[PDB]
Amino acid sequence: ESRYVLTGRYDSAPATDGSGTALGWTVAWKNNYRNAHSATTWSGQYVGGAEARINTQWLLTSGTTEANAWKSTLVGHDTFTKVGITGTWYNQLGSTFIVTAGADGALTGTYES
């Protein structure tokens, strides 16, 4: 019930100069049980090493009438650590991110809030 489909993209040929790896993904907050009529997108980068991390900023847009569109979108920032990109990650809110990074640049997985 708390898990939702995610899909995204990442730079499958990142710079070799110490730069992180650019990526982003989306969750539409509808599953077979619940629907919040909203979607969040996370835009960020993967930073490998001992303390592998995914540092992001996100936009959460809710479906609204035109009259309420001015307040349709929340903005925030999430940092994820692994429990490379493929794997199970957790953020500071305790949300769980299960992800697979295809060789073609695709991000597929699930998110649980």
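Note that residue numbering begins at 1 and tracks the sequence as displayed.
According to the record, 10 or more deposited residues between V83 and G84 are left without atomic coordinates. A summary of the deposited B-factors shows that, of 49-57 and 62-70, the stretch with the larger mean C-alpha value is 49-57. Remark: stretch with higher mean C-alpha B factor among 6-14 and 21-29 is 6-14.
Annotation for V99: C-alpha temperature factor in the lowest third relative to the rest of the modelled chain, per the entry.
Residue-level temperature factors show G44 in the lowest third of its chain, judged at the C-alpha atom.
Per-chain ranking of the deposited C-alpha B factor places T110 in the middle third.
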